[PDB]
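Enquirer: The structure's right below; bear with me while I get my questions together.
In this analysis, Cβ positions are derived from the backbone assuming ideal geometry, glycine residues included, and neighbour counts consider all displayed protein chains. Here, each number is a calculation from the coordinates, and none is a lab measurement.
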Amino acid sequence: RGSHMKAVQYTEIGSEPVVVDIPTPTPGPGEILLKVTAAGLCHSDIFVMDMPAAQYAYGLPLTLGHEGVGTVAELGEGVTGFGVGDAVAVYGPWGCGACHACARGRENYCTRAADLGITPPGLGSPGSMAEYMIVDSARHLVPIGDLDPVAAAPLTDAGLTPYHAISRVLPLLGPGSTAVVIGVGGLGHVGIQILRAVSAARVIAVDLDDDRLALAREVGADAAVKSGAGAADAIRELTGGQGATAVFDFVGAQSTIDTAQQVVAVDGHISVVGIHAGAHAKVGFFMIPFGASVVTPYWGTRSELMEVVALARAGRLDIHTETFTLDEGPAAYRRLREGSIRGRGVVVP
Amino acid sequence: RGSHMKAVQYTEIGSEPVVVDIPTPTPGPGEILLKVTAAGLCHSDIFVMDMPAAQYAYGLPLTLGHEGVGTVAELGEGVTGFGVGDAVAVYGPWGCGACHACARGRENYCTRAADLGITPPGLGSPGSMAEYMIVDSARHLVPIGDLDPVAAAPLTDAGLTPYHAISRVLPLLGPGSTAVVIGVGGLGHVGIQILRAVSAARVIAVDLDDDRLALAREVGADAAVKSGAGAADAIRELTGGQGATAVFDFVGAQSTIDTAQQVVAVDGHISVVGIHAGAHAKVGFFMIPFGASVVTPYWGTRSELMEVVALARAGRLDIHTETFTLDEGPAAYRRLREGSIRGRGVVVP
Amino acid sequence: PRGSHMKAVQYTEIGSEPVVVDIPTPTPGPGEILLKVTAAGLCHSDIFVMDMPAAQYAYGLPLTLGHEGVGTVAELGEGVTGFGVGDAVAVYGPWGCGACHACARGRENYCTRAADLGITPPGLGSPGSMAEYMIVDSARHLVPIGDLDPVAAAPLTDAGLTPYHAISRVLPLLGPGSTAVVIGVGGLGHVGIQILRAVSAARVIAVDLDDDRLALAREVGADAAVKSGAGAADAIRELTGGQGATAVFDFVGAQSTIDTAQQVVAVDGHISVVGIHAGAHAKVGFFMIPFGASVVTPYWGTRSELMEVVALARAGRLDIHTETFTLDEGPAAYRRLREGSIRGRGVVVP
Amino acid sequence: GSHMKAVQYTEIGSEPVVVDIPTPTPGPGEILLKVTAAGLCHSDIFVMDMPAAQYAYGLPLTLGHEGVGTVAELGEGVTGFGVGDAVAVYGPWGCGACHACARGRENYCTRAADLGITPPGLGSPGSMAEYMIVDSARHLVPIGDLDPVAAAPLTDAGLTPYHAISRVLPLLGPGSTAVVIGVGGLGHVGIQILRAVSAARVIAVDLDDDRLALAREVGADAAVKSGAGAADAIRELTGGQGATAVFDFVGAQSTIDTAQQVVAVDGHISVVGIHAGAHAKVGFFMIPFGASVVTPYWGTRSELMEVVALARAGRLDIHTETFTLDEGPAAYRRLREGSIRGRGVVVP
Ligand SMILES: CC(C)(C)[Si](C)(C)OCCC[n+]1cccc(C(N)=O)c1
Ligand SMILES: CC(C)(C)[Si](C)(C)OCCC[n+]1cccc(C(N)=O)c1
Ligand SMILES: CC(C)(C)[Si](C)(C)OCCC[n+]1cccc(C(N)=O)c1
Ligand SMILES: [Zn+2]
Ligand SMILES: [Zn+2]
Ligand SMILES: [Zn+2]
Ligand SMILES: [Zn+2]
Ligand SMILES: [Zn+2]
Ligand SMILES: [Zn+2]
Ligand SMILES: [Zn+2]
Ligand SMILES: [Zn+2]
């Protein structure tokens, strides 16, 4: 290959990411080096890059990109289970692999990763927005077969994170139930499709743009209303006043969380997936229906990633993507900031 | 170190185990070498050694011992998570670590281990009944802290196997439920202790031996019944004719399974944990109550082994142990055939 | 078909960008075929047409764009025999009259009556493929593709057929020991290299502007690559020992690249001006070009050539990079094409 | 190989590109080298920024005037080297027969311009290619088992400061002071040279604080920030005496002005760096008495041998970032933005 590789890095606090030529890494024992085939942009990348110097703690420079797919380039010493050339997706939320949470497969909830300094690619470790990347262990590689890399990259976060949020309360979403999806962006437009595939719940979408509402219907939403002060009333108009069994808020604004608490049913669920600084649900007596649980989920488990890949291979996921080159990385992040990307932006080296 | 080590091996079909000298293994990348501190014996070892030569195809010589505990002696290249001297128990039912069952933590139900020739230590792979043993991966080590290795060794099987069987239907064993334990020696004695620690179910002990029944009461059995033809009516007399929510048959004989089907409640459960060749539950309409599920569980999950270790370290699990030296290995196995071991035999190199 | 209305992208008024529209689903008349479009490719020729002033433009509005069509047979017009419903087919672009001497020879792209009769290609006068359904005038303008990926097949109708025809016009000259120069390694050029390696033993030397493009040319099969410009001709002659190139395939078409082609083409060679740059032209006269070096501006390709292009693609000999778009994303995709932000060839998938 | 890859400057205002050209063959007296290391430096950026009128090096140009390699083929009649010998390339080629050349100062050859003799990578084919031609055996300096990547910067980053210092080395005895303006690149090596071949006090001057801290690690006894106050700070460190020698590796008008304000009586100013139009103004009352000024050019062959001896003794330490030949143009972009710490070196 080449001694150097193109990469999109966050180098200075408050500055836009830059395209640089950095050394090509080599896999240590147990590690795997991949030739990246597609790297996705996530709105949480903007959040990280918008943190002040006091809060930012992911080191500089940082190769961005935690939505990674690639082909096995080089196997580290003792790495069996994958051959060179195998198409694989990168399981992002790396854990210690030995705590109680990790042994259950829930590595995203590892209780020792923070103490041990184990961070995901693109969020502390070198990310996938580069020609090559290192993966710490073979257990963080999931085969994708002949899936198109551009549509496979979002599965690692844009599919895995909604899939996990939905899975936490899937038994509540039988026939007759209603699931409200707020935000029809990169995550939400996949979350709608997941709901249609693993449940018989009625899906009501919520967003601000008429194009986002049309996208929601395009991907299986049974109904779509506009976000705002009237969103709660519009939803309850469609449910006959009953209230939604579950509300998946992929925006995370205080106004969207407020709408969630106004429409969630008794014994229901609100999932705050989107990140807005300071926004929070208010879980207290007479401020939220009885028994309606609230949680901020984080990414997903490894088996959930394999299930998401299985959904894609069965044709149940229609991922909307716009392709960029590595040199267009910083330009793509400007596009994502202004909300000009319909769906998920993906960089292809 | 030392170039060679003693090991108790099954060397030819129909023969007794012998203490032989073999090379001390060295850990390759990803592997871990343990200095064995305790190696348990159980009747499953006998069942394997009684396997006929006609059935045999490969596997000799075989170092015995699937109930292994030790201290980390040397780390293979790239291994992280443990240091030299760490006390760890060996997770028995090794799996591929990459299938859906493995990613969920249920390696004992790995769907690829058979095809890939992945076998447990002491049942296809070199076991713990030796001065040193190789463990294929760090994920098959569970820390035990300062727990006595002799007390920890039976937990790898005698504790894990009943704990998994109970765990499969634990949500059914709330207050007001009844759990029947057939065979209160060996694993049943541990099962009773587990049931009192993780559930409020009423426990009914069933066994042939009067002495065993009294000791079952000491560890929590609320009632005792003599196994046999009258066991079913005796059990129904205790439950008021409503049946037992769950029946854990640790004998596995046809007569005890027959008793289980006659006492299991509607929508209950029967777990066939003991193994008697040919014995089987007959699950059909009007031969078993409606909704009463039956299963033959296998060993347990890694996270379950951690929970079993947590119970022991909390003082909730005590298994009587008879200690032998490595040279007494073959003698202990002869003692096991004649049932002369009270408790669980443990070899301490 | 199924549905009286269908989605489409149309060029509706001069100087304005294409728009997504809702228009009626067409019905196949006698001799016609209705296709459910599976892939419709974009190319810069669409930009050139939409950049034509009001006076020059003579292709009729509104115009469903898309002259690189692939789809499945949806309905057979009366009397149409030769295809079954569901058959995957590519759309032959340069429609001709089918009755003149050129058409009878298989060279419909050089039909001498099409202009008089108003016969225009899909997306360049007739309704194109950038819609859920499209009409094809005749069964002879359909080429089967089998199980070939429609997205991979769509560029073959232009990005494959056009370089293939240019090379085929002088293929007998490209024997072992010959040298073929490829100027421009973009959409058509890098397909031209793959074609040259598959159907000839010629040495391929590439010319382009970017270190990235020169590296790509070497990756696709070029033996050597040099930077475009005033020194391009001398750089090529350095690699050939000063002999000159048997054929130069100029896929850029600028005056500078044509000048390079005339400075590097060998005696009795050939220059094919394939790229379009308004006003650019070769100057074929004594002392301005070597003896016997013919120059031509080829147009698209023949139907038998498109069949050969499909055979190459189905055998794994043709690899074209692609990016897919939604029908709604049609106008946005053309914006990308204007700014040159599309790597490879764009394809709309209804 | 009938043809080879080479990083070339092919037209004015354009960026360097990797292009295929014929593999050269050595004529009588010439030597063919398999390149093992080819250094990049800002002088290449300066040459490529030359407008059309000034550039007189001819196109296309294989870049790379900091060349190292192994002898691959000897032209007819070439004795003194064997196939496989590791050698650095002496850059400033001369005629070899004029008075300056006969004294060893080929860099100051008086007939090279009239005869059209140009250095590799600056008029003649450079080293940034798989193979390169060296016109004569006397333009090869053996390096022994020296790492070729470490040898390549010595051909310019070591030779040029070494020559500039050597021109007035007898002045730099104990008690003397040497001011180095511009610590990056050549200046970093100049400081190391000053500590190795002299006992002079070294005052590092630069605009970047991080570069100044690195100067102190290699031997600088004091650090000053370039600017309007640099002259006062330097004279604060030396008292009112001034600096015996000022080696200006930036060459800007401001840095030259600072040099004229701090140089001591009977001292020396060496304008090593190039900024178009910048010049010292040597006149009465505009510079101390007896303070000589010169623009030195590269170095002599014996000086290159001495630089190699310094490197092989562990006295010279240049940080190197290694690039492949295909990454040549990429490495040049990083040099334009000063993103390379130390020196870039291409390894075919
Ligand atoms: C694989 C063997 C045939 C050797 Si078995 C399953 C008799 O013992 C292995 C050791 C684990 N263990 C022991 C007893 C019972 C069970 C069970 N209920 O699965 C598991
Ligand atoms: C060629 C024309 C200028 C007449 Si136009 C803008 C109608 O091209 C569309 C026909 C497709 N195609 C694309 C590129 C080149 C050629 C070619 N070498 O003819 C043909
Ligand atoms: C400035 C020159 C006209 C000599 Si230039 C940009 C053609 O240097 C190339 C020769 C290498 N080098 C680099 C830096 C300085 C010098 C020097 N002061 O001699 C020489
Ligand atoms: Zn994310
Ligand atoms: Zn963990
Ligand atoms: Zn056992
Ligand atoms: Zn498995
Ligand atoms: Zn086209
Ligand atoms: Zn015709
Ligand atoms: Zn230099
Ligand atoms: Zn001379």
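Enquirer: Restricting to region A:108-141, count the residues that are farther than 21 Å from A:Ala57 by Cα and under 17 Å from the mean Cα position of the chain (by Cα).
Expert: Here the count works out to 2.
Enquirer: Quick one: in region A:235-293, of everything that is among the hydroxyl-bearing types (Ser, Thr, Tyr) and part of a strand (DSSP E or B), which residue is surrounded by the most Cβ atoms within 10 Å (Cβ to Cβ)?
Expert: A:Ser271
Enquirer: Let me ask something additional. Which number in (1) acidic (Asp, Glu); (2) within 14 Å of chain A (Cβ to nearest Cβ); (3) within 17 Å of D:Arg211 (Cα to Cα) marks the one condition that D:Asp317 misses?
Expert: Result: D:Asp317 passes all but (2).
Enquirer: Just need a number here: residues in region A:62-79 that are aliphatic (A, V, I, L, M) and within 14 Å of another protein chain (Cβ to nearest Cβ).
Expert: 3
Enquirer: For residues that are buried (at least 21 other Cβ atoms within 10 Å of the Cβ) and small (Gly, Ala, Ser), scanning just region A:16-53, find the one that is nearest to the chain's Cα centre (by Cα).
Expert: A:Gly40
Enquirer: Going residue by residue through region D:211-218, is there one that turns out to be closer than 24 Å to D:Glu306 by Cα, touching a residue at least 60 places away in the same chain (Cβ under 8 Å), more than 16 Å from ligand 11 (Cβ to nearest atom) and away from chain A (no Cβ under 14 Å)?
Expert: yes
Enquirer: Exactly one condition in (1) touching a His at 6+ places or on another chain (Cβ under 8 Å); (2) under 17 Å from C:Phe48 (Cβ atoms); (3) of a type outside the set (D, E, K, R); (4) not in a loop (DSSP other than H, G, I, E, B) is false for C:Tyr334; which is it?
Expert: The single condition C:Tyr334 does not satisfy is (1).
Enquirer: I would also like to ask the following. Are there any pairs, at least 6 apart or on different chains, whose C-beta atoms fall under 7 Å, with the first in region C:101-126 and more than 16 Å from ligand 8 (Cβ to nearest atom) and the second among the basic types (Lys, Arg), and if so, which?
Expert: These pairs meet every condition: C:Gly106/C:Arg303; C:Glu108/C:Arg303.
Enquirer: Just to verify a result, which residue in region B:200-212, among those that are part of a loop (DSSP other than H, G, I, E, B) and of a type in the set (A, V, I, L, M), is surrounded by the fewest Cβ atoms within 10 Å (Cβ to Cβ)?
Expert: Among those residues, the one meeting the criterion is B:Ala200.
Enquirer: Something else now. Being touching a strand residue (DSSP E or B) at 6+ places or on another chain (Cβ under 9 Å) and facing chain B (nearest Cβ under 8 Å) is the filter; apply it to region A:80-114 and report the residue that is surrounded by the most Cβ atoms within 10 Å (Cβ to Cβ).
Expert: A:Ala103
Enquirer: Looking only at region B:210-261, count how many residues are on the phi > 0 side of the Ramachandran plot and in contact with a strand residue (DSSP E or B) (Cβ under 8 Å, 6 or more places away or on another chain).
Expert: 3
Enquirer: Given the criteria of a type outside the set (A, V, I, L, M, F, W, C), within 30 Å of D:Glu130 (Cβ to Cβ) and more than 19 Å from the chain's Cα centre (by Cα), does D:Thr324 qualify? Break it down stepwise before answering.
Expert: On the way: of a type outside the set (A, V, I, L, M, F, W, C): yes; within 30 Å of D:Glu130 (Cβ to Cβ): yes; more than 19 Å from the chain's Cα centre (by Cα): yes.
So D:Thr324 fits the description; yes.
Enquirer: Return the pair list, or none, for Cβ contacts closer than 9 Å from residues in region A:142-160 that are on the phi < 0 side of the Ramachandran plot to residues that are of a type in the set (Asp, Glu) and within 16 Å of ligand 4 (Cβ to nearest atom), at least 6 apart or on different chains.
Expert: Within 9 Å, the pairs are A:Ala153/A:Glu67; A:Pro154/A:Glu67; A:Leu155/A:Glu67; A:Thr156/A:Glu67; A:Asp157/A:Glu67; A:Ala158/A:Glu67; A:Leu160/A:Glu304.
Enquirer: Let me ask something else. Any chance region A:16-25 includes a residue that's in contact (Cβ under 8 Å) with a residue 40 or more places away in the chain, touching a strand residue (DSSP E or B) at 6+ places or on another chain (Cβ under 8 Å) and under 23 Å from A:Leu155 (Cα atoms)?
Expert: Checking region A:16-25: not a single residue is in contact (Cβ under 8 Å) with a residue 40 or more places away in the chain, touching a strand residue (DSSP E or B) at 6+ places or on another chain (Cβ under 8 Å) and under 23 Å from A:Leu155 (Cα atoms).
Enquirer: Does A:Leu170 qualify as being over 24 Å from A:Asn108 (Cα atoms), surrounded by fewer than 24 Cβ atoms within 10 Å (Cβ to Cβ) and away from ligand 11 (no atom under 16 Å from the Cβ)?
Expert: no
Enquirer: Follow-up question, since we're still on this one. Restricting to region B:6-15, what's the tally of residues that are surrounded by fewer than 16 Cβ atoms within 10 Å (Cβ to Cβ) and farther than 12 Å from B:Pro61 by Cα?
Expert: Of the residues in that region, 1 qualify.
Enquirer: Residues in region A:140-157 that are under 16 Å from A:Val348 (Cβ atoms) and assigned to a loop (DSSP other than H, G, I, E, B): how many?
Expert: 3
Enquirer: Another question, if that's okay. Kindly indicate which of C:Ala152, C:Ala159 is within 14 Å of chain A (Cβ to nearest Cβ), within 16 Å of the chain's Cα centre (by Cα) and either more than 16 Å from ligand 4 (Cβ to nearest atom) or of a type outside the set (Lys, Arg) (or both).
Expert: Just a single option satisfies the conditions, and that option is C:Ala152.
Enquirer: Next up: Restricting attention to region C:195-210, which residues are in contact with a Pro (Cβ under 9 Å, 6 or more places away or on another chain) and either among the polar types (S, T, N, Q) or touching a residue at least 60 places away in the same chain (Cβ under 8 Å) (or both)?
Expert: Listed by number, the residues that qualify are C:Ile195, C:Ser200.
Enquirer: Right, here's the next one. Restricting attention to region A:213-227, report how many residues are closer than 20 Å to A:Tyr163 by Cβ and either out of contact with any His (no Cβ under 8 Å at 6 or more places or on another chain) or not in a helix (DSSP H, G or I) (or both).
Expert: Looking only at that region, the number is 5.
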